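Following: one structure in structure tokens, then a few remarks.
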Amino acid sequence: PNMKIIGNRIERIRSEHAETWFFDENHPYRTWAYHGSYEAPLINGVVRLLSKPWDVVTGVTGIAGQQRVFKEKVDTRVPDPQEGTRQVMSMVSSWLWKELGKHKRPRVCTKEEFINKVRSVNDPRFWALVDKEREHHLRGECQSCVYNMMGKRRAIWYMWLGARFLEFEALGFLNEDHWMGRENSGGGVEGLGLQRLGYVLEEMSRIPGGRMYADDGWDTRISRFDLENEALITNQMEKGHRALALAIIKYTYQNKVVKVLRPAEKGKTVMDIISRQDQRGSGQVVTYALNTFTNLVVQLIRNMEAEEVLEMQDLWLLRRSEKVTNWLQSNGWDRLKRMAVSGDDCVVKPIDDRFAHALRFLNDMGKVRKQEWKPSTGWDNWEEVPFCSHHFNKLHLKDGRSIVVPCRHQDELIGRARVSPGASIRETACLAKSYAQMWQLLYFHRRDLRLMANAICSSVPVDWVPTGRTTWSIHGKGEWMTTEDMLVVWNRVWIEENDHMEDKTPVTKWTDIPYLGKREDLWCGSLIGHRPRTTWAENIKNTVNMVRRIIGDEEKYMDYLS
Ligand SMILES: [Zn+2]
Ligand SMILES: [Zn+2]
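Letter by letter, the sequence shown follows residues 273 to 313, 321 to 343, 351 to 406, 427 to 459, 473 to 535, 538 to 691, 694 to 746, 749 to 887 of the deposited numbering.
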């Protein structure tokens, strides 16, 4: 640990818990530096009532401790890549940042931009704390950019709103100005809705070359070298902005301080203060953009190895750099356009199948696939390629026009809709309406979801505005968060604004909108034809009437089932 960089944050924590602070010599940390400890102190009813057949489906109910996740997934370490691998990583990262910044200029994001963003802070004492920490950063110090780690048995790293603002201020431009958008990056998909991703995969399937590869703990494999290469963006910044960004990179990214809970004696709990120089601090403002960046660099490197630009001699030391520069200048852009990269999620269409066994740089970089030396298996059919937890299928409207829709196992969709965050009928009903409308826009092709969504919408007052979050994904554009008629919204998304729908004829009725074939719907978890589901569908109007009774029969409801 670099005590000159992390000491101030450790001292601040100790000062807030001076009387309970202690050093636990029997702490369980092996690859994280340990500094000390101190003493430390649901179901959406509306959706559950309307999804009785899924009460007995573990795939659904299972979706509804921290130390275990830490020891197994976060408390690990791997060797440094060799010198040549590190030179290649730096050269490709420098080239990529220059390409991304050719038609964009870095900028400081404003206090006002952050305020308008949170309405999806009003106290001036918060901004006084924010200004104070900023002043420490400009002097070369950090007092409060500390993570609170929350394990889900993956690891979620939380930081106070002030630290997130300082990060947004210095690096938010990457998101706000769409540096990782497809137009700017070739391989990125930032800003695209789930409704567009299938068309990207289909376009890639037509590029001549090998099979489509979609090889998947990414955040734990980000090295200190990846972090340094990500930091090369500061070279494109003007002095003032650069000072703010270098401080975020130093304290939030490269010299992290984390608070983690641990069980103690006789039902009590302790908080541990630990530190780590590498790995990604999951859930930060630009985590997604930086993961996309580094994943693009990794895929370009894998393509250079596959194409025999990089030889086995180059892992140890890269003697000549000209071959790499010539490949990047000649082919870099063509290779980026053969990718779809969304953070840690990637699909690649290489020029041939040598990519499958191009594993020497990949493994030396510590970017191990989810056997280490077994060649990757590519996909011949783009409709089966996994991307962002979905696969994408071509269906046809009643009039014959094709559409490409997103799909995933239905248990995941229903399981997520049954989760309600925080301990009222108003809030649960408005959140159920958000899920139902999301399903009408994107998963209309699933029989059980079209019916369940219509039952939910028929059970919630028509004038109640959808609220809450139905997804964390950047590909969730929230078009369903509205009281506008969902057939109108469906037409806007799938016909009007869909650049892959040549004929702009509107669709006038839901019956013209297809379902998957029965075989595919069943493969992806449909309970169609299963007796408890048949009973649920036959009884659905009575179930809707029961929910209307609970919410209030005085409210105005619409029958979306009729
Ligand atoms: Zn700080
Ligand atoms: Zn499917």
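Note that CB positions come from ideal geometry on N, CA and C, so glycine has one too.
Cβ-based neighbour list, residue i, same chain, cut-off 6 Å, excluding 5 preceding and 5 following
i, result
"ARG284", "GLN449"
"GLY850", "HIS732, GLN733 and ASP734"
"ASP296", "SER309"
"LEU611", "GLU551"
"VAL436", "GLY481 and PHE484"
"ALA679", "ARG623, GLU626 and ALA627"
"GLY738", "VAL339 and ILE342"
"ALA568", "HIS443"
"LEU841", "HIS770"
"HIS289", "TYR310"
"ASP534", "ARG690 and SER699"
Residue i - partner residues in DSSP beta bridges
i, result
"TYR453", "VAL579"
"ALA474", "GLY457"
"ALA677", "Note: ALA677 sits in no beta bridge, so no partner."
"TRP702", "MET531"
"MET660", "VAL669"
"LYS717", "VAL727"
"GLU311", "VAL591"
"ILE526", "Looking at the DSSP assignment, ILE526 forms no beta bridge with any residue, so it has no partner."
"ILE322", "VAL742"
"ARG597", "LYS577"
"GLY507", "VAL662"
"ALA305", "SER596"
"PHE294", "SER309"
"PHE356", "None, per the DSSP bridge assignment."
"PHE710", "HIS713"
Any non-hydrogen atom of ligand 3 within 7 Å of residue i CB
i, result
"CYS849", "The ligand content of the structure shown is limited to ligand 1 and ligand 2, which means ligand 3 is not among them."
Residue i to residue j span [Cα, whole Å]
i, j, result
"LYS843", "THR836", "16 Å"
"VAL355", "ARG473", "7 Å"
"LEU736", "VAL645", "44 Å"
"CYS730", "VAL452", "38 Å"
"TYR574", "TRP654", "29 Å"
"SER603", "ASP665", "11 Å"
"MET478", "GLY793", "21 Å"
"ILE820", "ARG724", "10 Å"
"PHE294", "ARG459", "28 Å"
"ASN716", "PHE614", "28 Å"
"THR753", "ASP884", "20 Å"
"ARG873", "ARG856", "26 Å"
"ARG659", "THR795", "31 Å"
"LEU720", "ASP824", "16 Å"
"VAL814", "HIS307", "54 Å"
"residue 414", "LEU767", "A break in the chain separates 406 from 427, and the residue in question, residue 414, sits inside that break with no coordinates."
"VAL668", "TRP702", "10 Å"
"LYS881", "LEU756", "18 Å"
"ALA677", "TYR572", "38 Å"
"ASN870", "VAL787", "15 Å"
"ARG858", "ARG775", "13 Å"
"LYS331", "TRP861", "7 Å"
"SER376", "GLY588", "49 Å"
"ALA489", "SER887", "53 Å"
"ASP361", "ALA305", "10 Å"
Residues of its chain near residue i, where Cβ-Cβ distance is below 7 Å and the 5 sequence neighbours each way are ignored
i, result
"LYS390", "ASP496, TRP498 and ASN503"
"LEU847", "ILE853"
"residue 927", "Residue 927 is absent from the structure shown; the chain starts at 273 and stops at 887."
"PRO839", "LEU718, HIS719, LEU720 and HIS770"
"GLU707", "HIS714"
Contact set for residue i: own chain, Cβ-Cβ below 8 Å, skip 5 residues either direction
i, result
"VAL630", "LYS644, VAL645 and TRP648"
"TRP705", "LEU520, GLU521, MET523, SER524, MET531 and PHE715"
"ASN816", "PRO831 and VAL832"
"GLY528", "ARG659, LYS670, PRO671, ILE672 and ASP673"
"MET456", "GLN352, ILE475, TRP476 and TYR477"
"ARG281", "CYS448, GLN449, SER450, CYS451, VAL452, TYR572 and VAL578"
"residue 414", "Residue numbering in the chain breaks between 406 and 427, and residue 414 falls inside that break, so it has no position here."
query = Listed by chain order, which residues have C-beta atoms less than 7 Å from any heavy atom of ligand 1?
reply = Per the CB criterion, closer than 7 Å to any heavy atom of ligand 1, the qualifying residues run in chain order as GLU439, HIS442, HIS443, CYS448, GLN449, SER450, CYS451, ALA482, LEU485, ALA568 and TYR572.
ask   = Residue ranges of each alpha helix (DSSP H) run of no fewer than 4 residues wholly in the stretch 541-585, ordered along the chain?
value = 545-551 and 560-569
ask   = In chain order, which continuous runs of the alpha helix (DSSP H) of length 4 or greater are located wholly inside the stretch 770-819?
value = Runs of the alpha helix (DSSP H) lying entirely within the stretch 770-819 and spanning at least 4 residues, in chain order: 772-784 and 811-816.
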